[PDB]
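Chains as they are written, first to last, in the authors' numbering: chain L, 9 to 50; chain W, 607 to 630, 637 to 656; chain B, 63 to 79, 90 to 124. Beta carbons are placed, not taken as given, at the ideal position from N, Cα and C, and that holds for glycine.
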Amino acid sequence: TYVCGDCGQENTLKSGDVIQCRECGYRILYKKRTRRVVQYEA
Amino acid sequence: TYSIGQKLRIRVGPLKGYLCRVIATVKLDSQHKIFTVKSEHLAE
Amino acid sequence: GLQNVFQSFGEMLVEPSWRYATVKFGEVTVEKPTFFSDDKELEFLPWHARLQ
Ligand SMILES: [Zn+2]
């Protein structure tokens, strides 16, 4: 799941699609953080 | 025993309670050290 | 000052390689920057450029 750069929309990505926010058309997409747990020693 | 990609815990040692992931030989979640330990020193 | 480059560099006279031909560059306009996505035109702000 990637999230649109200029508006918040999320979509799965299909291989070979020019990356485009389907909804708005700008072409910058950012991956998203799942809930997975990470341990950092302090 | 275990399998590739499992999340185990370092039971006894200087590095205790750390969670780590078993590359093949475990690797820690956020530090770059590849340690190798026997089964007795690893827990779910 | 772009106009000036164009005010100089004047009317060409396309060579009879029986026919004349003249060319007369006039006013020059520059348009804000834009990007065409599919049919639509959207604004390009510098950042989008840097990242695309
Ligand atoms: Zn969008």
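Write down the C-beta distance between residue i and residue j rounded to the nearest angstrom, noting that I regard them as a contact closer than 8 angstroms.
| i | j | result |
| --- | --- | --- |
| residue 111 of chain L | L/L37 | What the structure shows of chain L is the stretch from 9 to 50, and residue 111 of chain L is not part of that stretch, so it cannot be assessed. |
| B/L64 | B/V100 | 6 angstroms |
| L/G33 | B/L114 | 6 angstroms |
Roughly how many angstroms separate the alpha carbons of residue i and residue j, rounded to a whole number?
| i | j | result |
| --- | --- | --- |
| B/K104 | B/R91 | 39 angstroms |
| B/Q124 | L/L21 | 17 angstroms |
| L/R44 | W/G619 | 25 angstroms |
| L/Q28 | B/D111 | 13 angstroms |
| L/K40 | W/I629 | 24 angstroms |
| W/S651 | B/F108 | 59 angstroms |
| W/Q612 | W/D641 | 12 angstroms |
| L/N19 | L/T42 | 14 angstroms |
In chain B, which residues lie with their C-beta within 7 angstroms of the C-beta of residue i?
| i | result |
| --- | --- |
| L/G33 | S109, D110, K112 and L114 |
Can you check DSSP and say which residues form a bridge with residue i?
| i | result |
| --- | --- |
| B/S109 | B/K112 |
| L/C12 | L/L37 |
| L/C29 | Answer is none; L/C29 lacks a bridge partner. |
Could you tell me which chain W residues have their CB closer than 8 angstroms to the CB of residue i, listed as they occur along the chain?
| i | result |
| --- | --- |
| L/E49 | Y624, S642 and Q643 |
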